[PDB]
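Peer 1: Need a 3D model of the following:
(chains A, B, C and D, ligands or ions: 4)
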There are 4 protein chains.
Amino acid sequence: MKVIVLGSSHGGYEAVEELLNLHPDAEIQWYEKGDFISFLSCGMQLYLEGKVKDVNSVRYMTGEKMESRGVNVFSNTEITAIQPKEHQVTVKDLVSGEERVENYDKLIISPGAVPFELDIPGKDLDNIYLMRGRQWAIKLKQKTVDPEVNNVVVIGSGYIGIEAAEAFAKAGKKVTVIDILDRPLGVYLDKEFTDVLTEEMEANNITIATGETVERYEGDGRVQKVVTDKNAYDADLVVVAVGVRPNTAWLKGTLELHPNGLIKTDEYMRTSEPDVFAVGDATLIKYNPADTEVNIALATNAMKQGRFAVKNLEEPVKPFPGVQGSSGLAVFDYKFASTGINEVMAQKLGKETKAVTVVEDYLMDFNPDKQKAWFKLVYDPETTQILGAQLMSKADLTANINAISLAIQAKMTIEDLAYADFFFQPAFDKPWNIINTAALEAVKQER
Amino acid sequence: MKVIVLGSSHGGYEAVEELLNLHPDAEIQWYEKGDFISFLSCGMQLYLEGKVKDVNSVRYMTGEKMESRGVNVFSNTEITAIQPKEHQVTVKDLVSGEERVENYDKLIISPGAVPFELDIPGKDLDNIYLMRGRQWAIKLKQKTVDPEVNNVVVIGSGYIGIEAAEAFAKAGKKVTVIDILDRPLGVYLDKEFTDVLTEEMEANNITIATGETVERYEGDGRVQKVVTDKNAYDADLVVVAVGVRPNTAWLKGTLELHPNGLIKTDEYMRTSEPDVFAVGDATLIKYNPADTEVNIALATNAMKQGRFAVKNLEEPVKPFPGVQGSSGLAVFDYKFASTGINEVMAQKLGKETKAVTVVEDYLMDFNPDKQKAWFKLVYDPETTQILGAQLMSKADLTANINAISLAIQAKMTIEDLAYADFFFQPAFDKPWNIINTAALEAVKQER
Amino acid sequence: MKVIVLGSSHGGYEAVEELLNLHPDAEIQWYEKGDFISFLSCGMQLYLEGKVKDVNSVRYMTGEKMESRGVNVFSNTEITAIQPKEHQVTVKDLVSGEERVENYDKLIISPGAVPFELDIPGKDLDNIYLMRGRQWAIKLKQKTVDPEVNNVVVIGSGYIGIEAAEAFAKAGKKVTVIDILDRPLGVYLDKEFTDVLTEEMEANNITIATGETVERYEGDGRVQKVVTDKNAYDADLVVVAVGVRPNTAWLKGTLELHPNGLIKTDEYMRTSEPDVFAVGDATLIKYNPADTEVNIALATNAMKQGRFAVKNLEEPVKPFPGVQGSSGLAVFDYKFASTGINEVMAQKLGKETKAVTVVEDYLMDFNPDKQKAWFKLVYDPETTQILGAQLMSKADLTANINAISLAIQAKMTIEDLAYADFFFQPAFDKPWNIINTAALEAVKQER
Amino acid sequence: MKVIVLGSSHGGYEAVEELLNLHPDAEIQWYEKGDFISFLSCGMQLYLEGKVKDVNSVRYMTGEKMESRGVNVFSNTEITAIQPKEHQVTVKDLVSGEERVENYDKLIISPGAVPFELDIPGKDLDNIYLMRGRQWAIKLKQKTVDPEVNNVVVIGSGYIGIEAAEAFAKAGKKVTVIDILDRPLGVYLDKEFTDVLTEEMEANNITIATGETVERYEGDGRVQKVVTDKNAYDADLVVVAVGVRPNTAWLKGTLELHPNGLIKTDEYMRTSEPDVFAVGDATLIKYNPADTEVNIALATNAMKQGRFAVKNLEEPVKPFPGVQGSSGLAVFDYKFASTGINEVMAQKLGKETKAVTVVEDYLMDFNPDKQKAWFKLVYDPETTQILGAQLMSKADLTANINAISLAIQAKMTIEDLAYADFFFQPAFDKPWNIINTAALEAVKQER
Ligand SMILES: Cc1cc2nc3c(=O)[nH]c(=O)nc-3n(C[C@H](O)[C@H](O)[C@H](O)COP(=O)(O)OP(=O)(O)OC[C@H]3O[C@@H](n4cnc5c(N)ncnc54)[C@H](O)[C@@H]3O)c2cc1C
Ligand SMILES: Cc1cc2nc3c(=O)[nH]c(=O)nc-3n(C[C@H](O)[C@H](O)[C@H](O)COP(=O)(O)OP(=O)(O)OC[C@H]3O[C@@H](n4cnc5c(N)ncnc54)[C@H](O)[C@@H]3O)c2cc1C
Ligand SMILES: Cc1cc2nc3c(=O)[nH]c(=O)nc-3n(C[C@H](O)[C@H](O)[C@H](O)COP(=O)(O)OP(=O)(O)OC[C@H]3O[C@@H](n4cnc5c(N)ncnc54)[C@H](O)[C@@H]3O)c2cc1C
Ligand SMILES: Cc1cc2nc3c(=O)[nH]c(=O)nc-3n(C[C@H](O)[C@H](O)[C@H](O)COP(=O)(O)OP(=O)(O)OC[C@H]3O[C@@H](n4cnc5c(N)ncnc54)[C@H](O)[C@@H]3O)c2cc1C
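Peer 2: Residues are numbered from 1 along each chain as shown, chains lettered A, B, ... in the order given. Ligands and ions are numbered 1, 2, ... in the order given. Structure as follows:
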């Protein structure tokens, strides 16, 4: 069987790996239009901050190692079109310009997403950067040590926007994060968390300008100013981390796409075309908290989807098990983690939830290593099934979100978690741990 | 209603708390034979090691604060007998010697356990100590700084035995842990883990003498030598942490007891006598990994049982949800956590299990903060349902065991966990985290 | 020649060492009335604080190692009298009670000093301790971890008093230092320094009660209260570190003594009796800052004097070179060092001095590791010769006081030090280092 | 009086400061040919290593702050010639090209030195850098984070060469230091020290190629290889830190110069021309260790000379007091300091010296914070006067070299230092400190 896998990032890569597991027999071709195989953009901050020194080590596969296992790797080769009917694909070697047709028995694509750019005045002024991929990573590292960069403006206060802000602030630049949303990191955390995070960032030379629409970039040749409807800010460098758009324009009319460009697929990763499967940022995923499907552009999700596509290559036998949307990140001294439904997700979904937040030391008061911890447990009003949770502390308590991810999937209730067995040892936690305590507060609130 | 609660430790205390939640109306009497209310023996190591300076802060309730909420606290008062038929109890004020009878409508007891003592020659030689309670804690702290103590022998290589060994080694004493069992901490961890832990402890002046039966203590007036069948060891202080025995002798014939002294109770915490409930170390608990019941002397378990007894005070409506036996502890630079069935538990239960162990860095290789992590996933041969897990690292990854505790309870399989949604961010974990990786190895092993 | 050396501490010990250097031929007898050879009381704080665990390692010679080099060590043997005329000494073996006479050709004694005790009401109440020697060190360590000790009162705010206060405060006790003097550590530092040190100690649970005379100790059997003329303080333990008295009572009439008990000696360490030499705390020493002689009870001084006595054993050929009184100590986060004349010494001596104090970061402002440093340079009004200096910082800059000690001895001026060659490297200091800057300020002040 | 000061670095700057002290009356003109006033090249490593983030903060004066005190600052203006006879100077505004003549009553010049460049094949290949000044500092920082730089070769194993090597190694590059000299840092330290330092650097990805003459640079357009007589090395960047040459070519025939270009001056900083004074790297300085004069290109020396020139502006009244050549630097975990004559200096001077080296823990053995320290004391064979010393440890003991600098100046002997008063406190040092111990070993060696 000849299987073509498009993309060398998380969705494409785990598909190649699963093909080696379940189909060592097959002729596998792996296509990547860029010059570098499997760069991990998730590690870009570790690199920019100087924890990881070599940009080229921030990966998880070389093309050269995949060829050693019998995979035909074509870097700098773009798949330009699909002819599903004919079971052919058009590919173009970007080094030589030479186009060719390639045949397949099964095709798995993981096209990913492209950074959304603000189509406003001054869009083509120099030093308005993006943050995705190796090329942007090295350019951004050039700018961290550039003595001509003093003020950095990052547009977008999400995950990437805050990583960019932290890296440039730590590097010694004055940063302003600008967004129309009124809370940084609202997709991940609720207000009692984002207010502490805002305060923490402000203590580190970051202004966070919420509720502002960017209107135009000003400057002679290069940016010099970012102008919003409420204010104007000096900028020597801009980092645009506002959103992502599915890389699917080329597929319009070949495959069925949702109005926003995401490829329509079922729980077996099959597209509208037989033998064409799609995964990753460009697709929707089964979201277990609300038994629905949403778009969650995370590496974890792309990875599992890539494997499940190979699992269903010849017949629909393994339905995808669903995800809870879990995240975790450190923002200066704080480490947070989140899974399931929080305010922003509940509003997008139109789901009424109930919740309790416990903010107290996570160790018993006699232990001087005690530190304050925030934990919010979100649950269903009717069934009291666990729908989400968020936690934060200067202590690293993030691995607890893994327990909540399973509780949601398992449809456990607040009474289940209130009395759930979690170990106790006073150097690590309180008699009723962080999850137990929140759940007991939730049953108290439902008396 | 007049409710009498015996014991001011974890089982007794959470019962008083739950009575305040669900029965603020009742006359509550709380009895404790010792002079101190709610001392936390779980924090004794933090104290001995000098992280917590005041022995009296290692608690979670004062008698004086409970009386402020209308509970009648009787410290230094021992319940000597129960007359269930009459719904009376015999109590004795140990300060005054004056016995009296007390009436009740419901009685909840949490008698706990007593350290098992080796009935061998030299048993009454001075400086053979135990490690449970406030009185022993202050005596053991006296010995950590005693210049006449050089060699310390701790008998019992379990949880308490190793805490005692670490505290005395850190304090500067030569320690030898002695046990007939061939592995330290075998109740919690399997051999690939306990070999690393043995090596770590040996690097810290601790000899671990496994496979040896202690025969006699030698010394003139005070210990001077501990003699086993394979060897003899100098000892200035001995700490006996070999086991626990249910504090139920006084109840024989009043309540039905299992052959080892544990009080027979059902899933609603009711004893063989109507209106008498029992919880904690002295009882068995529903153990969800193998849908059975076992004795697991842990604070977590006592706490939840104490609350469930009050929940079922007037009628059996809340069946206990079960526990997985979870633990966690740091042993010098390593932190481990464990839940469910491991080798020792499988042998006690006679259950055949299958398992995989993954030992590799928990962060991707390009990140210099990467450290080695051990994770073993135990599962059912037939169903591949998750039955247990153990993990260890110098990095603190223990909160992940909370996810596994729920996976076992939920009867999740290795395929469920292989593709379970766990967040990825390269400062915190690898694309497929520690649980995902072990579960993928387990499906690989079942191909 | 038979040389008898009295005392196994700093003066006695360096004399034995120098006898081995210059007289390997001689029969040497080394006497010590205590049970332990060469304990270092200078290391008692490191021990009490738990940095050094074994009390017996805080030494610099064993009796057993000295006998290996042919010295006859008599521990537990007290020299009770000297008959200089006859060249005999009376010694008593304290184990056996048996007195004997011993002959000598030369005798070198280093009797040291005894802690001064306040002869007031309640002087014989239990738990009023002292801080000198091994026996007191182990007793004080017993008290650091005693749960019955809550309030500790140390009387005397000098070097020892503050070590005692820091050790007990760090151990978790409430401390009050009491003294009639109005400044802690005034013998070492001037007010701009002791005010910062007072503030630092107060931030660590230490009250410093200056200007108060202790009148009586109160308590039933054991101390319970310390009463001064201005106030009364609860005390579970008292540490008396107010002064020292020469251990010379037994010598009155045998050797000429100054009115305060110090043995009269010349610059060659000879007493009023031929062939009897005396050194250490019990003598005066040449003090080069003011070309006078003062009593400075420091180990450094005893050590050098011990060697110089052997140097002048047969004839006065090596006049003692003099000392500057140098000290250094850390008090919580601060490290200070001092040499020469400061306010208190100038008042005792009646010497008019001039001085400048510079308080600024010790590194150039662009270097974020910069920290504030205090340096005071004291000089002669007329000649501008360097008479003393004091420095302090949370950075350890103490070794600079060694340069000043030599500058005073050499009779260097403020102009000499202003332009003295001290290296510059911006990770270590400013272009004009801490000494240069103070000296330039002193010439500025003499314009 | 109109005083012209040439150069805004250490010699020029301290002259302007001293003019403000002693001559606030005068018209002062301060000339600097570069665009930046008072950059501190001594702080370039702190900057390259990322401890100091802003290149522009690494200074000690702004032109703008000096004008505020009435000094006429002319940056970007080069003094092209001196007409001493006429008391005029030719200056050229490098921005406008306009030359002019300026008059003076007194002229003080601090021209400094220029990096020596190897006139070999390939000298004009791109990426062969130097390390002096702001412009080179920012270029070198560009290269630390450049992903195309892998191998860095620094030619010259002196102070600057090793700073450059450490900065690039810490930044993640493979470094090779190349020099004809057989020991790195030989001008500062002797072999027992430089062998430990070599080993330390090799443990950090630095090859140190001693005894090799560089013959040619190879590469197409940019360096690619450095070829020596014994070997060839790949190089993406070269840093040339081999020497300095006096910036005096323009003065030949105006002022008398030594054969190597240094300006001839007396102990009052006067040149061969009346009213023209010269200081800094371009001059010789009185070197007190051997009562001679040598060229020591250090900031300390330039600073003091700058002030002494103003002190002797109207008449020779303040003879320069001399320097000892003191240095100090950290090289990875080690901190060393040095003053006076060591092997290399003794060979240049032709002076026979004697020396002892003590290598042992600097704290008493019972204190676990003890660390190994190296100290070498160099002295005169005949008089035993202190001629130099070197010390090194992972503990920072460098401030002790300040004591030795004064001992040499004062002509103290090994017997003086053996019994010199240095404080003792066991958290800081041994009874006989690091200087005392070395000096006692030196008297032992002269028995
Ligand atoms: C800065 C940053 C930080 C992030 N951090 C995290 C994190 O910490 N945790 C987490 O879970 N997620 C994180 N993510 C999200 C995660 O990286 C993405 O969800 C994941 O990369 C998506 O994988 P994908 O395969 O669907 O697409 P992509 O990553 O977009 O990869 C698609 C690849 O296919 C190639 N390609 C596209 N079209 C063609 C074509 N026609 N022919 C040939 N090649 C083609 C592209 O060049 C690209 O290399 C982060 C993302 C960014 C940018
Ligand atoms: C050193 C040590 C470390 C531990 N660490 C941990 C840990 O880190 N995590 C964890 O989960 N568990 C830990 N445990 C176990 C945990 O402490 C026990 O499981 C828990 O205390 C049991 O609670 P209990 O109420 O059943 O009994 P107990 O703790 O035994 O308390 C019974 C109380 O009732 C009183 N009493 C008994 N009989 C009478 C009577 N007749 N009348 C009046 N009063 C009476 C007793 O004085 C006692 O105070 C540790 C135990 C020890 C000793
Ligand atoms: C807690 C403390 C901290 C200190 N810290 C420092 C410091 O950090 N730096 C510093 O420089 N100094 C310090 N000192 C001071 C220093 O320890 C003393 O200056 C030094 O010990 C004095 O030495 P000595 O030989 O004169 O007398 P002592 O130390 O008093 O020793 C005399 C010895 O001789 C014995 N002896 C006396 N009479 C007889 C006899 N008749 N026959 C036989 N044996 C006899 C005694 O038992 C004693 O052991 C400190 C002192 C104390 C108490
Ligand atoms: C990387 C490095 C690290 C160092 N580290 C240390 C250290 O840690 N400790 C230490 O003591 N020393 C150190 N030094 C040495 C110290 O910096 C020099 O000794 C000192 O700078 C010399 O001062 P100067 O005034 O004589 O000359 P320079 O520093 O050479 O300055 C001369 C200035 O005058 C200007 N100038 C020259 N000619 C003219 C003209 N004709 N007209 C107008 N302007 C002119 C030049 O542009 C220059 O700015 C280091 C040097 C370097 C390069």
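
Peer 1: and the residue in chain A positioned nearest to ligand 2, how many residues sit next to it?
Peer 2: Proximity to ligand 2, evaluated over chain A using C-beta to the nearest ligand atom, is greatest for residue A:425 at 3.3 Å. C-beta coordinates here come from the backbone N, C-alpha and C atoms, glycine included. Residue A:425 has 21 neighbouring residues, counting by other C-beta atoms under 10 Å in any protein chain shown.

Peer 1: same question, residue A:365
Peer 2: Neighbour count for residue A:365, taken as other C-beta under 10 Å: 13.

Peer 1: contacting residues around it?
Peer 2: Contact analysis of residue A:365 by C-beta atoms under 8 Å, 6 or more residues apart in numbering or on different chains lists residue B:57.

Peer 1: quick one, phi psi at it?
Peer 2: Here is the backbone geometry of residue A:365 (degrees, to the nearest 10): phi -50, psi -30.

Peer 1: picking up where we left off before, the residue of chain A closest to ligand 2 touches residue B:328, doesn't it?
Peer 2: Yes: between residue A:425 and residue B:328 a contact is recorded at 5.5 Å, counting by C-beta atoms under 8 Å.

Peer 1: Nearest the geometric middle of chain A, what residue?
Peer 2: In chain A, the residue lying closest to the centroid (C-alpha atoms, centre = their mean) is residue A:298, at 3.3 Å.

Peer 1: in the stretch 101-250 of chain A, which spans are strands?
Peer 2: Ranges of strands in the stretch 101-250 of chain A, per DSSP state E, counting those that start in this stretch, are A:106-109, A:113-115, A:128-129, A:151-155, A:174-178, A:206-209, A:214-218, A:225-228, A:232-234, A:237-240, A:244-246.

Peer 1: Strand A:174-178 and the fourth one, what's the angle between them?
Peer 2: Relative orientation of strand A:151-155 versus strand A:174-178 (axes from the mean of the first three to the mean of the last three C-alpha atoms, to 10 degrees): 20 degrees.

Peer 1: contact partners of strand A:151-155?
Peer 2: Strand A:151-155 is contacted from outside by A:118, A:143, A:161, A:164-165, A:168, A:173-179, A:214, A:226, A:233-242, using C-beta under 8 Å, 6+ apart.

Peer 1: residues touching residue A:282, list them.
Peer 2: A:109, A:110, A:111, A:112, A:113, A:246, A:247, A:248, A:261, A:262, A:263.

Peer 1: Counting neighbours, what do you get for the closest residue to ligand 4 within the stretch 251-400 of chain A?
Peer 2: Ranked by C-beta to the nearest ligand atom, the top residue of the stretch 251-400 of chain A for proximity to ligand 4 is residue A:332, at 33.3 Å. Neighbour count of residue A:332, defined by other C-beta under 10 Å: 16.

Peer 1: So it sits against residue A:206, correct?
Peer 2: No: applying C-beta under 8 Å as the test, residue A:332 and residue A:206 come out as separate, 9.2 Å apart.

Peer 1: Let me know which of the strands of the stretch 101-250 of chain A is the nearest to residue B:308.
Peer 2: The closest of those to residue B:308 is strand A:206-209. By C-beta to C-beta, the value is 46.6 Å.

Peer 1: partners of the closest one in the sheet?
Peer 2: Using DSSP bridges, the strands paired with strand A:206-209 are strand A:174-178 (parallel).

Peer 1: For the partner strand, give me every contacting residue.
Peer 2: Residues from elsewhere that reach strand A:174-178, judged by C-beta under 8 Å, 6+ apart: A:150-157, A:161-162, A:165, A:168-169, A:184, A:201, A:205-209, A:212, A:214, A:226, A:228, A:233.

Peer 1: Which of these are buried, as a ChimeraX select command?
Peer 2: Applied in ChimeraX, the following selects the buried portion of the contacts of strand A:174-178 according to 16 or more other C-beta atoms under 10 Å in any protein chain shown:
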select /A:151,152,153,154,155,156,157,161,162,165,168,169,184,201,206,207,208,209,212,214,226,228,233
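
Peer 1: near ligand 4 too, which of the contacts of strand A:174-178?
Peer 2: Among these, not one lies near ligand 4 by C-beta under 6 Å from any ligand atom.

Peer 1: May I have the secondary structure class of the residue of chain A closest to ligand 2?
Peer 2: Classification of residue A:425 by DSSP: H, G, I helix; E, B strand; the rest coil places it in coil.

Peer 1: Please give me every residue in contact with it.
Peer 2: B:42, B:327, B:328, B:329.

Peer 1: again, only using 6 Å
Peer 2: Listed by C-beta atoms under 6 Å, 6 or more residues apart in numbering or on different chains, the contact set of residue A:425 reads B:328, B:329.

Peer 1: residues near whichever residue of the stretch 101-250 of chain A sits closest to chain D, how many?
Peer 2: Nearest to chain D in the stretch 101-250 of chain A, going by C-beta to the nearest C-beta, is residue A:172, at a distance of 3.6 Å. Neighbourhood size, residue A:172 [other C-beta under 10 Å]: 16.

Peer 1: circling back: in CSV: the contacts of residue A:282, plus neighbour count and distance to ligand 1.
Peer 2: What follows is the contacts of residue A:282, written out as CSV (neighbours: other C-beta atoms under 10 Å in any protein chain shown; distance: C-beta to the nearest ligand atom, whole Å):
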residue, neighbour count, distance to ligand 1
A:109, 30, 8
A:110, 28, 4
A:111, 26, 4
A:112, 24, 2
A:113, 19, 5
A:246, 23, 9
A:247, 18, 5
A:248, 23, 9
A:261, 18, 13
A:262, 18, 11
A:263, 25, 11
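
Peer 1: Of those, which pair is most distant in space?
Peer 2: With C-beta to C-beta as the measure, no two of these lie farther apart than A:110 and A:261, at 14.6 Å.

Peer 1: of all of chain A, which residue lies closest to ligand 3?
Peer 2: For chain A, C-beta to the nearest ligand atom, closest residue to ligand 3: residue A:368, 28.6 Å.

Peer 1: Now do the SS call for that residue.
Peer 2: Assignment for residue A:368 (three-state DSSP): coil.

Peer 1: contacting residues for it?
Peer 2: Here residue A:368 is in contact with no residue (C-beta under 6 Å, 6+ apart).

Peer 1: Look up how far chain C lies from residue A:396.
Peer 2: Distance of residue A:396 to chain C, computed by C-beta to the nearest C-beta, to the nearest Å: 26 Å.

Peer 1: How many neighbouring residues does that residue have?
Peer 2: Residue A:396 is flanked by 17 other residues according to other C-beta under 10 Å.

Peer 1: any idea which element the spatially closest residue to it that is not a sequence neighbour lies in?
Peer 2: Leaving aside its sequence neighbours, residue A:396 sits nearest to residue A:335 (C-beta to C-beta, 6 or more residues apart in numbering or on different chains; 4.9 Å). Using DSSP states H and E, the element containing residue A:335 is strand A:334-340.

Peer 1: Sheet partners, orientation included, of that strand?
Peer 2: Taking DSSP bridges as the criterion, strand A:334-340 pairs within the sheet with strand A:327-331 (antiparallel), strand A:386-393 (antiparallel).

Peer 1: quick one on the thing from earlier: which among the contacts of strand A:151-155 end up buried?
Peer 2: Buried subset of the contacts of strand A:151-155 (neighbour count, 16+ other C-beta under 10 Å): A:118, A:143, A:161, A:164-165, A:168, A:173-179, A:214, A:226, A:233, A:235-242.

Peer 1: Mind listing the residues bridging to residue A:102?
Peer 2: Bridge pairing for residue A:102 - DSSP bridges - gives residue A:89.

Peer 1: go on, the one 4 residues further on?
Peer 2: Each beta-bridge partner of residue A:106 is listed here: residue A:3, as defined by DSSP bridges.

Peer 1: Tell me who's in contact with it.
Peer 2: Contacts for residue A:106 (C-beta under 6 Å, 6+ apart) come out as A:3, A:275, A:313.

Peer 1: Contact residues of the stretch 51-200 of chain A facing chain D?
Peer 2: Selection of the stretch 51-200 of chain A residues close to chain D by C-beta under 6 Å from any C-beta of the partner chain yields A:53, A:55, A:138, A:141, A:145, A:147, A:172.

Peer 1: Give the buried subset of the residues you listed as a PyMOL selection command.
Peer 2: Here is the PyMOL selection string for the buried members of these, based on 16+ other C-beta under 10 Å:
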select buried, chain A and resi 53+55+138+141+145+172
